[PDB]
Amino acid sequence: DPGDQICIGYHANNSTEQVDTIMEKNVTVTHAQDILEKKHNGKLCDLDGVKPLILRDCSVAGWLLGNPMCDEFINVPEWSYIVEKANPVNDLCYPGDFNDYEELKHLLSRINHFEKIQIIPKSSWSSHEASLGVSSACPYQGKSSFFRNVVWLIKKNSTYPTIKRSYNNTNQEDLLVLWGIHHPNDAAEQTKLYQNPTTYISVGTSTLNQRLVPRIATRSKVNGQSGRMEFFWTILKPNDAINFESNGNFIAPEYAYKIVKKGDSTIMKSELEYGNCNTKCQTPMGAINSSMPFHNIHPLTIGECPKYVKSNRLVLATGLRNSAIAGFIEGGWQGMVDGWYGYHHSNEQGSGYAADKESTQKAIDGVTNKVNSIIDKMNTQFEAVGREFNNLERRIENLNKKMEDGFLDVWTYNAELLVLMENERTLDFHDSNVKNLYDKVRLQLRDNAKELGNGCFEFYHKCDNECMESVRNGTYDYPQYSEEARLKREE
């Protein structure tokens, strides 16, 4: 009247943080953690402390050849990836074509060193016209102009002598060389420009064995030209020579480019400001500090990235299902201000709540380890995802799309079920921990106390604060009170 009591119970709090499990939707819970990165900084950033190459209104081709309307950032000796607009305004001012363009974009996507040099001075053309090679398709300061890196040679007097030019690459570094051929409209234009009616450009390195011949066709005007310029490139290894021979129609190099290539990346289509941030993962919509193993921002990423996932929320339960003084069977304790599982006693020294420190540590550690494993086991490689295929490579683009879409489906399904399965396992761990604590006590006390049915025991003897601590420590000397218990029990 009335006997000393110890109850087993668990933490509860004012949290409304919800969670899904394989078996129940929308379960309220004590603490939760999202494993899905949703947040970008909305800017293009260095990658591993190397600037991008931003081409505001130029294309790579425009940029390389010197489209004279390309008002771009000129000096920039190294980059990690390239940013083009979707359809750049300024491409090939004079209509034509860039042979193996997509392969050259991919090669220029990440460069360790890039330095333009002069290989063939515009001044060394003694027996041809350097400065007439000019068009109203390629306007500069209101006047007609041309690509600035490459010389459109015309006949001088009424003569176009055969050209012979070797350049030997005496630099330490691979040289990227560009040249072109002019495809004129008719045999009139051919002779008007080059005198010789039948022409060729021949180019040879140790690798290259090229003989180009102009093609006449009747073609629709583009930038008011029916002519076409067709451009070619090669990489001149650092002790080789390139050898040009031409009768006519030659768009000769002035400027080449020293390159040092140390692994690839890609070209990103984006409308964003550089931001002076560093990052290890860049997106068309912005960069990411990628601690989380999943993101849902954009598929077309460059760097060490979280796996892209079609998903709004990946939330793991970390805490508990959230809902004398009665114990566990009836609900959680707001009063358990600290600890996850534990006790409420009441004796002659008075009542209160105590944490089971030992079984609360085991569980915080377990849940923490569960969360870190799901995060830390994620293998994170460098990748560069772009669209590097032209309108005659659609079969290969469709191969790429099945692969991307394939991996998106695997990660999205697996992450979704991983969260649902481990949430069901986390809430059952908490149940299993509370019930093991009931049984820890039940098995110490045996007949020295009676199970009240609600999570509590009423003692058959006096249990002061020091006896209570021995129950919580698992050091309860049952023989020391079996005598006193037996007397109150029999009655």
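Note that residue numbering begins at 1 and tracks the sequence as displayed.
Which class fits the unmodelled deposited stretch between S323 and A324: none, 1 to 3, 4 to 9, or 10 or more? The entry has a long gap there, with 10 or more residues left out between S323 and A324.
Hey, which bit's got the bigger mean C-alpha B factor in the entry, 163 to 171 or 408 to 416? Mean CA B-factor is higher for 163 to 171.
268 to 276 versus 105 to 113 - greater average Cα B-factor per the deposited record: Going by the record's values, the stretch with the higher mean is 268 to 276.
Among the candidates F73, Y200, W79, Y343, give the one with the maximum CA B-factor reported in the record. Largest recorded C-alpha B-factor: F73.
Would you mind checking which of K370, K85, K192, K401 has the top Cα temperature factor in the PDB entry? Of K370, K85, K192, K401, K85 has the highest C-alpha B-factor.
Record-listed C-alpha B factor of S135: chain third: Middle third.
Lowest, middle or highest third: which one holds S246 when the chain's residues are ordered by CA B-factor from the entry? Within its chain, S246 is a lowest-third residue by C-alpha B-factor, going by the deposited values.
Is the Cα B-factor recorded for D365 in the lowest, middle or highest third of its chain? Ranked within chain, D365 CA B lands in the middle tercile.
Taking the chain's C-alpha temperature factors as the reference, tell me which third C467 falls into: lowest, middle or highest. Answer is highest: the recorded C-alpha B-factor places it there.
Taking the entry's C-alpha B-factors for this chain, is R56 in the lowest, middle or highest third? Answer is highest: the recorded C-alpha B-factor places it there.
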